[PDB]
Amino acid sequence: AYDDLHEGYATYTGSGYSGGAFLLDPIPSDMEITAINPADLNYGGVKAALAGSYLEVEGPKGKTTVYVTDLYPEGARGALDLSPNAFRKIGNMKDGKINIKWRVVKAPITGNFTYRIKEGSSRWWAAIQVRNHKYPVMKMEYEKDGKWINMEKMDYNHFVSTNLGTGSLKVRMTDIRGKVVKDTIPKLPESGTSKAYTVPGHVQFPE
């Protein structure tokens, strides 16, 4: 987002570093992270729209930036569940709950997307996650026989389709601002991949 704004409340949690719902592991233990309420997570009617986004969060004591790694199931609109190293920067740990303002911001990252091909993926069914993206990824499409096919983003932060075809995949990704970039991902196997793997991408959303 270039500009954005939300109000709500934050609490804190030790979860989300490992086994978070968005399958973004490994998460370095000293990263500042957050779980996010389902209503804001599924922005624009896209499941996990905000997975792997970064938020700037302002509390009573200051501002800080967090990586969104997990779902906050019991969260109301605007609600966030921060890691302790983030919460203590913007509020007092003696509080179980604080008022916050927050917004989607550009990821503090460098380089291009990487893609994660989920175990079980094949030409018949594949789940493809985008990582290292500067803004939330709202949409992913691949080209098959001259037409662009929309992939459904899943709760587990991968985009899914079926009968994708043989050969390398031409893909296009759309961010929360409507910016579109295109890339190529190496071919999917004929049989389901026994293990998940990552592939370096060659494109990034614009600044």
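Quick note: we count residues from 1 along the sequence shown, nothing fancier. Whichever C-alpha set is largest while still superposing within 1.5 Å between the two forms counts as the rigid core.
**Q** Can you check whether 197 to 205 or 3 to 11 lies farther from the displayed model in 5 other deposited structures of this protein, averaging C-alpha distances as RMS after superposing on the core?
**A** Taking the RMS over all superposed structures in 5 other deposited structures of this protein, 3 to 11 lies farther out.
**Q** So which stretch wins on mean C-alpha B-factor, 190 to 198 or 6 to 14?
**A** So the stretch with the higher mean C-alpha B-factor is 190 to 198.
**Q** Averaging C-alpha B-factors over each stretch, which comes out higher, 157 to 165 or 32 to 40?
**A** On average, C-alpha B-factors are higher across 157 to 165.
**Q** If you check the C-alpha B-factor for each of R123, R116, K134, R103 in the entry, which is highest?
**A** That would be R123.
**Q** Would you mind checking which of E58, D175, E152, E143 has the top Cα temperature factor in the PDB entry?
**A** That would be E143, according to the entry.
**Q** For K139, return the chain-relative third of its C-alpha B-factor as stated in the PDB record: lowest, middle or highest.
**A** Middle third by C-alpha B-factor.
**Q** Going by the recorded CA B-factors, say which third of the chain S83 sits in, lowest, middle or highest.
**A** It falls in the bottom third of the chain.
**Q** By its CA B factor, does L71 count among the lowest, middle or highest third of the modelled residues in the chain?
**A** Within its chain, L71 is a middle-third residue by C-alpha B-factor, going by the deposited values.
**Q** Looking at the temperature factor on the CA atom of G96, which third of the chain's modelled residues does it land in?
**A** Lowest third, going by the recorded CA B-factors of the chain.
**Q** Can you tell me which third, lowest, middle or highest, the CA B-factor of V46 falls into for its chain?
**A** Middle third by C-alpha B-factor.
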